[PDB]
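> Sharing a structure here in C-alpha cells format.
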Ligand SMILES: [Mg+2]
Ligand SMILES: [Zn+2]
Ligand SMILES: [Zn+2]
Ligand SMILES: [Zn+2]
Ligand SMILES: [Zn+2]
Ligand SMILES: [Zn+2]
Ligand SMILES: [Zn+2]
Ligand SMILES: [Zn+2]
C-alpha cells in the first residue's frame with residue numbers, strides 16, 4: 001500500500017487554494033516560489049535554441065531561466081557554479097530543465113479525491129503571493145471551500161505524457 | 001458611486017489562528033530519498049514530496065492515461081535496473097560490466 | 001543515472017510463484033554466516049563471514065560491495081544462507097503440511 | 001534596547017509617528033540622488049536617547 | 001469574497017493590525033558517551049572539520065553560539081557543536097586528511113528567518129552544558145493567513 | 001508441481017540470508033550503531049543452531 | 001525619508017474624507033430599504049439644509 | 001582489497017576532490033566546473049529515526065517474553081533453553097556486575113557520568129591476570145572510586161568504605177594495581193562544598209574555605225596529613241571567623257574527624273591566620 | 001499594547017489622548033463616552049481603539065531585567 | 001574571554017574558558033550571554 005499501489009513522489013507542490021474571478025476556468029495561479037522550485041526538462045530544438053539560450057544566460061535566480069543542463073552524453077551540469085566557468089553553449093540533442101512558465105498543463109488534485117473529476121489538468125498562470133489561485137467554477141467537482149483547504153499539484157516531466165495529459 | 005443596496009457595516013471581534021500559509025507551502029523537485037525504500041521522504045522539514053496514493057492511481061486509471069502513471073511511478077519516484085536469468089527468473093545474475 | 005548495460009532490454013511478462021528448494025538456496029547463496037556478531041572485532045568494517053559481511057550488499061555509498069563491486073545505488077544485493085543441522089517447519093505451511101500428513105500414509109508413504 | 005517590547009515593534013511604532021513635511025518639495029528622493037546611502041539632499045537624521053531616572 | 005473569503009484593508013495592515021510575534025526556541029546539548037568522546041560547543045573551522053554544513057559560520061562567536069540581536073535567516077547555524085572521531089574508525093572520503101573532528105551543529109530551519117531574541121547557557125541535571133536559543137519573528141498578516 | 005513445489009521443500013532445511021539492501025543498518029555518531037530486527041533474528045538463529053549442534 | 005502612501009500607510013497626511021452628494025434623493029442612485037416606510041426610518045443628513053426636497 | 005570509492009571530476013582532474021554536497025537536491029557536485037558528481041544522495045538522519053557498541057560490542061541478543069495470545073508452558077520452555085545455553089558465553093558476569101554496581105551507584109546518589117566511567121573502568125579490567133581475585137567487592141569499590149576520580153568528583157575513602165566493607169588494605173592494593181592497569185592501557189578543593197553542604201553553610205563560608213584551602217596549600221608546614229583534616233580545620237577556621245555556632249564536638253561527630261586533630265590544626269592555623277584574610 | 005499609534009482606519013493621531021483620557025477619568029470621574037467626546041473623537045473606528053485597549057505593558061514592567 | 005551576566009544579581013562576570021558555569025558571589029548557574037555591541041538595522045514597514 002505504501003510502496004507499490006501508492007508512494008510519495010517528487011515534482012509536486014501542496015498549499016492553500018483560494019479564489020480569483022479574473023482567471024479562466026481551466027487555469028490555475030501558481031506562486032513564483034513554486035515556479036522557481038519545480039522544473040521541467042525540455043529538449044533543445046532549433047525552434048527554441050535562442051529561447052533556451054536566453055534561459056541559460058538569465059540564471060536560476062531569475063524566473064525566466066533554467067536550473068540544470070543535460071548534455072547528449074547523459075550528464076547533468078548545474079547552472080550554479082557554472083557561471084564561474086564562463087560560457088555554456090547549447091547544441092542539438094540536449095535537455096535543458098527550465099522553470100514552470102505560462103501555458104504549462106499540470107495535474108491539480110485535492111484529497112481524498114473520490115471523483116475522476118477531483119484530479120484535472122490545468123494551465124499554469126504565474127502569480128505572486130503563495131496561494132493557488134483558481135476560478136470558482138471548479139470548486140464544485142473538487143468539493144472544496146476557501147477556508148484553509150490545501151491542494152496538490154503534480155507536474156509531468158515528458159512531452160508525451162504532457163500531450164496525452166492535455167488531450168485526455 | 002453610491003451602491004444600490006445598503007451594506008451591513010460594523011465592528012466585529014476576530015481572532016487569528018495558528019494556521020498560516022508560510023508554514024504550509026512547499027515544493028520538491030529531486031530531493032533526498034529514504035534509506036529503506038529509496039523513495040522521497042515524508043515531512044516538510046526534511047524536504048519531502050507529496051504522496052501519490054492509491055486513489056490517485058485509480059483516478060489516473062479512470063482517465064485512461066497509462067504513460068503518465070508509468071512515468072509517475074518510475075522516473076518521478078524511483079527506477080531501478082536489474083538483470084534476470086533465462087533459466088531461472090531470479091536476481092542472482094552477478095553483473096560485473098566494467 | 002545508473003551505469004549502462006549491454007544486456008537486452010525487455011519487459012516483465014509472466015511471473016511464476018514457487019517454493020524455494022534448499023539445493024537452489026545453497027546454489028544462489030554465496031556465504032554461510034556462522035558468527036552471530038554484526039561488525040568485526042575491531043569495531044570497524046564488517047565481520048567477514050557474519051550477519052553483514054562484504055559478501056552481501058552494502059550501504060554508506062563509500063563501500064563497494066565486494067561481489068557486485070559498483071555501488072550501493074546499483075547493488076541489487078547478494079544472498080547468504082544458513083545450513084541447519086535439524087529441519088524446521090515454515091509457519092505459513094504448518095497447516096498445509098498437517099493436511100498432507102492427513103492425506104498420505106505415515107509409513108509406506110502412499 | 002532593554003525594553004520589554006520587541007525591537008521591530010518599537011521600530012513599527014516609530015514608523016507610525018508623523019513628522020512635519022512642509023518644504024518636502026525640494027528634498028530629492030533616495031533613488032534620485034547619486035550619492036551612496038543618504039546625504040543632506042535626500043533624508044533627515046534623527047535620534048532618541050531615553051533612560052529611567 | 002466568495003466561499004468564506006475575506007478582503008482586508010492594506011492600510012490597516014501597514015498600521016499594525018493582527019500582526020503577531022513568533023518565538024522559536026532551539027535547544028542544543030553536548031553529551032559524553034563513555035567519557036572518551038566529548039562533544040564541545042565551539043566555532044568549527046573550515047580547514048580541519050569534516051561533514052560541515054554549507055551554511056555560513058560568520059554569525060557564530062568563539063564559543064560556537066550566536067549572540068542575541070544578530071539577524072539570522074534560513075540555512076544558518078545557530079549553535080556550533082563538533083564531535084571527536086577516530087582515524088581508523090571510518091576513513092571516508094577525506095577523513096584521513098581532516099584528522100580532527102566532525103561537524104554536528106544545529107542550524108535554523110530552512111524556511112525561517114528573524115532576529116535572535118535571547119540565548120542562555122546552563123548545566124542540566126547531570127551537569128551537561130546545554131544551551132537554549134529563542135528567535136523572534138513578526139508575521140505580518142498575508143493573503144494565505146487564516147482568520 | 002515437480003519443477004516448482006515439493007512437500008520435501010515445504011519443510012525448511014536451509015535458510016536464505018537477505019542482504020543489508022533489505023535490512024539497512026545505521027552507524028550514527030560512530031558510537032550509536034543500530035541493527036535491524038531481522039539481523040537480531042538471524043543472530044538468534046545462529047546462536048540456537050550452534051547451540052543445538054554443540055549439544056548434539 | 002520621503003515617500004507617498006502607496007509605499008506604506010505611514011505616509012498618510014490626510015485622514016477621514018467626508019464625501020457626499022445629493023442629500024435629498026432625486027438622482028435615483030440609491031433605492032432605500034424600508035421595513036414600513038423609508039421617511040420614518042432613514043434620518044436626514046446635514047447637507048439637506050443647503051438644498052430642499 | 002581496495003573497495004574504496006573516491007569521487008573525482010574527470011573534466012577537472014586538477015586536484016583531489018574539493019567538492020560540495022547539496023543535501024536539499026540530493027547530489028554532490030564539484031565546486032569548480034559545477035559538474036555534479038553523484039545523484040540520489042542517501043541520508044543518515046532518516047535511517048536513525050527508527051532507533052551500545054562501546055560496552056556490549058558487536059554482540060546481538062533478543063529477549064523472549066510472554067505473548068498476547070500464548071501459553072505459560074511455552075514461555076518456560078524457551079527460557080529454560082536459554083538457561084542451558086547461557087554457559088556458551090562468559091558474559092553473565094558483566095550484566096550481574098553492572099547490575100550490582102548499578103545498585104550501589106543508585107544507592108550513593110552519584111550522577112550517571114560516574115556510573116558510566118565506573119562501568120568503563122570495570123570493562124577495562126574485567127578478568128585479567130594481575131587482578132587474580134579480590135572476591136568481586138574490591139574491584140567494584142575501586143572501580144567506583146576510579147570513575148569518581150575521572151569525573152572530577154570527590155569521594156573520601158571512608159565513604160565508599162562506609163558503603164562496602166573492603167578491609168581498606170586489600171582495597172588499597174587492588175586500587176593500586178588497578179591504577180597500574182589503567183596506566184598500562186594508554187585535589188582537595190572539591191571536598192569543601194560537599195562538607196559545607198553537610199554542615200549547611202552559606203556560600204561566603206564555602207568560597208572563604210576555598211581561598212583558605214588554596215592559601216594553606218601554598219604556605220606549607222604540615223603540608224597536609226591527608227587532605228581531609230586540612231579541609232575540616234579550614235572550614236573550622238572559616239566558621240570560627242563568623243558567628244554561626246557549631247563548636248568542635250558537633251563538627252567532629254558529623255564529619256567523622258577527631259577533635260584533637262581539628263584543634264591541633266587549629267593551633268598552627270591560628271598561627272598562620274595572618275595571610276589567610278581574603279578581604 | 002502601550003497605546004496604539006495613529007488609528008487602524010481613519011489614521012488620526014490618538015497616542016497623545018491616552019494620558020488626558022485617564023486624566024479626565026480619574027480627575028473628573030466622567031464616563032467613557034463623555035471623555036471620548038472631550039478628546040475629539042467623532043467616529044467609532046477610533047472609539048474602538050481607546051475603548052477596547054488592553055494595556056499589558058504595566059504588567060510587563062513589573063519584572064526585573 | 002567573553003562578557004557574561006548573572007541570572008539574579010545581574011553582575012558582570014566576563015569569565016574565560018575552563019571556568020565551568022557558575023556565578024561569582026552567588027550560586028546561580030544561569031549565565032547570560034549579553035547582546036552584541038554592533039548596530040542592527042531595521043525597517044519600519
Ligand atoms: Mg475545508
Ligand atoms: Zn539463472
Ligand atoms: Zn552486490
Ligand atoms: Zn543623496
Ligand atoms: Zn590479486
Ligand atoms: Zn569538476
Ligand atoms: Zn478611527
Ligand atoms: Zn550573581
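Determined by electron microscopy, 4.7 Å, according to the entry header.
Using the three backbone atoms N, Cα and C, a Cβ is placed for every residue, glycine included.
Pasting the relevant annotations from Swiss-Prot:
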BINDING   I:7, I:10, I:45, I:46  Zn(2+) binding site
CROSSLNK  I:59  ubiquitin cross-link
> Compute the C-alpha separation of residue I:46 (Zn(2+) binding site) from the residue listed as 'ubiquitin cross-link', stating it in Å without decimals.
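Cα of residue I:46 (Zn(2+) binding site) to Cα of the residue listed as 'ubiquitin cross-link' measures 25 Å after rounding.
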> Return the count of C-beta atoms lying within 10 angstroms of the C-beta of residue I:45 (Zn(2+) binding site), excluding that atom itself.
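Counting Cβ neighbours of residue I:45 (Zn(2+) binding site) within 10 Å gives 17.
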> Looking at the binding-site residues I:7, I:10, I:46, which one has the fewest other Cβ atoms within 10 Å of its own Cβ?
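If we count Cβ atoms within 10 Å for the binding-site residues I:7, I:10, I:46, the smallest count is at I:10.
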> Once the chains shown are all counted, how many other Cβ atoms turn up within 10 Å of the Cβ of the residue listed as 'ubiquitin cross-link'?
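That number is 11.
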> Which of I:7, I:10, I:45, I:46 (binding-site residues) reach within a Cβ distance of under 8 Å of chain D?
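Out of I:7, I:10, I:45, I:46, none lie under 8 Å of chain D.
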> To the nearest whole angstrom, state the Cα distance for the pair the residue listed as 'ubiquitin cross-link' and residue I:7 (Zn(2+) binding site).
24
> Recorded positions I:10, I:46, I:59: which sit with Cβ under 8 Å of a chain G Cβ?
I:10
